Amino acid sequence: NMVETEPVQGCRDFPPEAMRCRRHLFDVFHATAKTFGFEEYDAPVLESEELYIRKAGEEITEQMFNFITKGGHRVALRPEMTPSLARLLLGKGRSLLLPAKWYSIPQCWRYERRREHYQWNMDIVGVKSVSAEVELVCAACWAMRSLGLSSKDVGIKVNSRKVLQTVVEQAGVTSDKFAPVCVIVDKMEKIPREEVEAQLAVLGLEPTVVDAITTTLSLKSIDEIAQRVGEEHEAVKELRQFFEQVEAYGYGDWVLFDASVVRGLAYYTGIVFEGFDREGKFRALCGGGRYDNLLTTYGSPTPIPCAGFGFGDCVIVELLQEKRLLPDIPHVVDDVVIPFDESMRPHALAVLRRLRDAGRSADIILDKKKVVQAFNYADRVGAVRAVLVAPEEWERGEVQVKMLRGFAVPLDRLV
C-alpha cells in the first residue's frame, strides 16, 4: 500500500509552489539585511538543552522539542536562535570586532499547532545606545514595506522594560523575580487580568505590588511615564531618542509607544518592540529588544551590549494573503529548446549549451514528443521563448525562434 504522504506532525512541506512563496519572503529578509549591512551566519539546529535552561517559566523553554541521544546527551531542536548567537559570540571573544551586525533565517522548533517555523533573526552586538534598536526597528519596517505593506497596514509598538524594573525594585521585590514577572505580564493582553494577577500572587508578589504594575502597563503615553518615573529616568531619554531617530530616518508613521509591550523572553533588559497589523486580526508579526546581560549570564568576562529581533515566516504570510500581496508567481525559464525529432537532439544540446553559456535559463525537451506538445510544455513551464531545432534551418546555421509572451535566426544571434 501507500507510504504516508503527509509530512510529520506540525511540519510543512514546500513543493515548488509553496517554495516560491517562501523564497519571495526570504529574498526580502536577505535583501533587507544587505541593505542594512548585516552579515549572514548559521549554527546547528541541534543544540545542547542546557543552552535553553533559563528557569523563568518561558513559553519558549516550556515547549522545547528536546530529546536524549543514544550517548545520553541532552539536546534540543532549537526553539530560538539567540542562545546560539551568544554561543558563537562567546566563542570568538576579543577576536570578534565590534560592533557586529549578524543575521540568519533559522528554522526553529517547538513541541506541544505548528511545530516548526522559519525566523529571520537580526542582531546588533557591541552597541550601548538606542541607535541599535532604531536600526533594527527600521530594518523590520523596511522588510514589511519591501513586501508591499504600508504604515496603514502595520506598525511597531515600542516600550522599555526599565520602567517596570523600577516599579519591581521600588516595591521591594528582589530582581530575580523580574524576568518571571515580565513573562507573566506578557500574557496580560491574551489571558484575563484575574489570571495574570493570580500568577503574580503565586510568585509571592503582594496585592499592592501587582496594582502598581497594572497601572504602569496602562499608561498611554511617554509624558505619562515621565510624570510617573521622571523625565530623566533612563527609559524616558532612551525612548525619546529612539522616536526622534526613527522619525529622522523617515519611518515615524510606523512606530508608536505602548506601555503594555514587554515580550515573553527573560533576557530583555531595555527597549522592547513588536510588529502588529493595524486591523487587530493577527498575532505579533515580529518581536525583539535589548538584552545587555545575556552574555554575562553565559560567562562573558566583560558585559556585551546586544539587541535584536525575530520575525517569523507564518503570521506575515497570512497578513500578506489577506492583503492580496502574495499572488502566485509561476515558474519561468527564458528558453525552451525543442528538437524537431530525436535526430536533432545532439544539435539541440549544442544550442542548449550556447544559451546557458550566455547566462540564460533554458530547458531542453528531454522526452520524445511532437513539436506541438513541446510548445504546450514550453507554455506550461512559463518559457519566454521557444527555440526549435529543425534539420532544414540547421543546415543554414540557424534555428527557429518564437516569442511566447517562428523566425529563423543564426546561432550566434540567439544570445
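In case it trips you up, residue 1 is the first one in the sequence shown, and so on. Here the rigid core means the biggest group of C-alpha atoms that line up within 1.5 Å when the two forms are laid on top of each other.
- When the other structures are laid on the shown form by the core, the C-alphas of 297 to 305 and 70 to 78 differ in how far they drift in 8 other deposited structures of this protein; the larger average drift belongs to 70 to 78.
- Comparing the two stretches 264 to 272 and 227 to 235 by root mean square C-alpha distance in 8 other deposited structures of this protein, with all structures fitted on the core, the more displaced one is 227 to 235.
- Counting the deposited residues that fall between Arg405 and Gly406 and carry no coordinates gives a value of 10 or more.
- According to the entry, the deposited sequence runs straight from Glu279 to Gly280 with no unmodelled residues in between.
- Here the stretch with the larger average CA B-factor, out of 322 to 330 and 176 to 184, is 176 to 184.
- 246 to 254 and 101 to 109 differ in mean CA B-factor, and the higher of the two is recorded for 246 to 254.
- Of the residues listed, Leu88, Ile271, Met81, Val229, the entry assigns the biggest Cα temperature factor to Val229.
- Highest CA B-factor among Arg283, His233, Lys157, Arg345, as stated in the entry: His233.
- Sort the modelled residues of the chain by CA B factor and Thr215 lands in the highest third.
- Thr166: CA B factor lies in the highest third for its chain, per the PDB record.
- Looking at the C-alpha B-factors along this chain, the one for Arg380 belongs to the middle third.
- Among the modelled residues of its chain, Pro192 has a C-alpha B-factor that falls in the highest third, as given in the PDB entry.
- The deposited CA B-factor of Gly10 belongs to the middle third of values across its chain.
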